[PDB]
Every structure is written in structure tokens, then in C-alpha cells.
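Just below is one structure, and these are the notes that go with it.
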Amino acid sequence: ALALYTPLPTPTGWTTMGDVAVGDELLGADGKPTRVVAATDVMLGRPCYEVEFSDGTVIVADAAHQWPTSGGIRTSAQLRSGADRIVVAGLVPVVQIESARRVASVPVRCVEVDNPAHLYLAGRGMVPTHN
């Protein structure tokens with residue numbers, strides 16, 4: 001799950017995780033539209049991590065949120081500053097993880113998309129992440 005204030009890119013603009021509705025279009029890792037097919041309620045009290053990327057994108061996510069990295073799937077809590085790179089199989093890394101750290105809990109929410117790779121883009125830098 002991602003913080004409600006996370007901006008998510010869409011084919012026409014930007015939404016937030018808090019504002020996104022089932023049936024909205026997000027972006028897959030291929031940069032093409034992918035539909036939100038399900039979403040959770042707002043979840044409160046979850047342990048959260050702040051993840052900073054090499055492009056300046058910052059995303060707050062819950063500890064168990066999963067990311068596509070050079071060494072496989074990693075939860076937020078297992079990302080390694082200055083080592084992990086966000087990569088999507090077909091080679092080229094999208095960004096490097098600059099910092100990942102525990103922060104105070106904020107409201108978060110999950111979405112599921114219809115992308116067969118289970119990926120959508122998140123943050124101002126449009127970083128691939130797992131639903």
C-alpha cells in the first residue's frame with residue numbers, strides 16, 4: 001500500500017492514491033494504460049517506510065509493499081539505500097534507491113491493476129511498483 005498523498009500518473013494527468021477509483025486508468029510498466037480493477041479501503045496504523053529515489057521521487061509505502069528490483073522482488077523494509085535499482089524485465093534501471101527508512105505511520109491504500117506484470121507507475125518520477 002502507498003500513502004494517500006502519493007501522486008500517480010495517468011494517461012491524461014495525475015491522481016492521488018487517495019483519489020483513485022476502481023475503473024480509473026493508471027500506467028503499467030510499459031507506459032500504457034492499465035485499469036484499476038480493485039482497491040482497498042484506507043488502511044490506518046500500518047508500519048510505513050519512506051523510499052527516496054535517485055531522480056528525487058519520494059514515496060511513502062507500507063513496510064510490506066513490494067518493488068521490482070535488480071535482485072528480485074523486495075518489500076519496502078528490505079530495500080537497500082545506494083544498492084537496489086528499480087528494474088522491469090522485458091535490463092535498463094529506471095532509478096536507484098537513494099534511501100529507504102522507517103517513518104511514522106500514515107494512511108495508506110492498495111490498488112490492483114490488470115497489468116499482467118502486476119506493475120503500475122507511482123510518484124512524480126513514474127517509478128514502477130507492485131500492486
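Following the order of the C-alpha cells, chains are lettered A, B, ..., residues in each are numbered from 1, and ligands are numbered from 1.
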
task: Could you give me, as a list in words, the residues within 7 Å of residue A:48, counting only C-alpha atoms and dropping anything in the same chain fewer than 5 positions from it?
output: residues 60, 61, 62, 63, 102, 103, 104, 105 and 106 of chain A

Now that the selection is made, can you save its residues with N, CA, C and O atoms as a PDB file, in the first residue's frame?
ATOM      1  N   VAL A  60       6.103   7.240   0.130  1.00  0.00           N
ATOM      2  CA  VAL A  60       5.861   6.573   1.404  1.00  0.00           C
ATOM      3  C   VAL A  60       4.950   5.382   1.148  1.00  0.00           C
ATOM      4  O   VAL A  60       3.916   5.502   0.479  1.00  0.00           O
ATOM      5  N   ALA A  61       5.349   4.231   1.665  1.00  0.00           N
ATOM      6  CA  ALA A  61       4.694   2.970   1.392  1.00  0.00           C
ATOM      7  C   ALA A  61       4.702   2.149   2.667  1.00  0.00           C
ATOM      8  O   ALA A  61       5.528   2.355   3.558  1.00  0.00           O
ATOM      9  N   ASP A  62       3.779   1.208   2.761  1.00  0.00           N
ATOM     10  CA  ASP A  62       3.831   0.389   3.952  1.00  0.00           C
ATOM     11  C   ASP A  62       4.990  -0.604   3.849  1.00  0.00           C
ATOM     12  O   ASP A  62       5.558  -0.842   2.776  1.00  0.00           O
ATOM     13  N   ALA A  63       5.375  -1.147   5.006  1.00  0.00           N
ATOM     14  CA  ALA A  63       6.593  -1.950   5.098  1.00  0.00           C
ATOM     15  C   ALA A  63       6.572  -3.142   4.152  1.00  0.00           C
ATOM     16  O   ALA A  63       7.623  -3.540   3.638  1.00  0.00           O
ATOM     17  N   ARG A 102      12.370   3.649   7.927  1.00  0.00           N
ATOM     18  CA  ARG A 102      11.117   3.624   8.673  1.00  0.00           C
ATOM     19  C   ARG A 102      10.679   5.040   9.046  1.00  0.00           C
ATOM     20  O   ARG A 102      11.497   5.865   9.462  1.00  0.00           O
ATOM     21  N   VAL A 103       9.380   5.326   8.887  1.00  0.00           N
ATOM     22  CA  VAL A 103       8.811   6.623   9.257  1.00  0.00           C
ATOM     23  C   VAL A 103       7.533   6.389  10.055  1.00  0.00           C
ATOM     24  O   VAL A 103       7.057   5.267  10.185  1.00  0.00           O
ATOM     25  N   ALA A 104       6.997   7.473  10.619  1.00  0.00           N
ATOM     26  CA  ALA A 104       5.718   7.388  11.313  1.00  0.00           C
ATOM     27  C   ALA A 104       4.629   6.904  10.360  1.00  0.00           C
ATOM     28  O   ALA A 104       4.656   7.185   9.159  1.00  0.00           O
ATOM     29  N   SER A 105       3.659   6.177  10.910  1.00  0.00           N
ATOM     30  CA  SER A 105       2.577   5.625  10.100  1.00  0.00           C
ATOM     31  C   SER A 105       1.732   6.737   9.494  1.00  0.00           C
ATOM     32  O   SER A 105       1.439   7.743  10.145  1.00  0.00           O
ATOM     33  N   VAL A 106       1.352   6.557   8.235  1.00  0.00           N
ATOM     34  CA  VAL A 106       0.381   7.437   7.587  1.00  0.00           C
ATOM     35  C   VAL A 106      -0.682   6.561   6.942  1.00  0.00           C
ATOM     36  O   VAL A 106      -0.456   5.364   6.706  1.00  0.00           O
TER      37      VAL A 106
END

- request: Excluding stretch 120-131 of chain A and residues on its chain fewer than 3 positions from it, collect all residues at most 9 Å away from it, counting only C-alpha atoms, and give them as an MDAnalysis selection string.
  value: chainID A and resid 1:2 6:10 14 26:31 34 53 55:59 65:68 73 86:88 94:95 110:113 115 117

query: Which of these residues is nearest to residue A:19, using only C-alpha atoms: A:85, A:109, A:74, A:80?
result: A:109

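Taking atom CA of residue A:90 as the reference point, atom CA of residue A:78 is found at 23.8 Å.
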
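Take the candidates A:36, A:51, A:119, A:43 and check each one against residue A:79 using only C-alpha atoms; the shortest distance goes to A:51.
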
- prompt: Just asking: which residues within stretch 15-63 of chain A are strand (DSSP E) according to DSSP, as number ranges by chain?
  reply: A: 15-16, 25-27, 33-39, 48-53, 58-62

message: From the options A:76, A:40, A:54, A:96, which residue's atoms come nearest to residue A:21, counting only C-alpha atoms?
response: A:40

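Computed from the coordinates, the atom CA of residue A:5 to atom CA of residue A:107 distance equals 8.9 Å.
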
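Minimum atom-to-atom distance to residue A:12, evaluated using only C-alpha atoms, belongs to A:25 out of A:25, A:50, A:41, A:98.
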
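Take atom CA of residue A:33 and atom CA of residue A:64: the distance between them is 25.2 Å.
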
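Using only C-alpha atoms for every distance, the candidate list A:4, A:97, A:77, A:108 yields A:4 as the residue closest to residue A:16.
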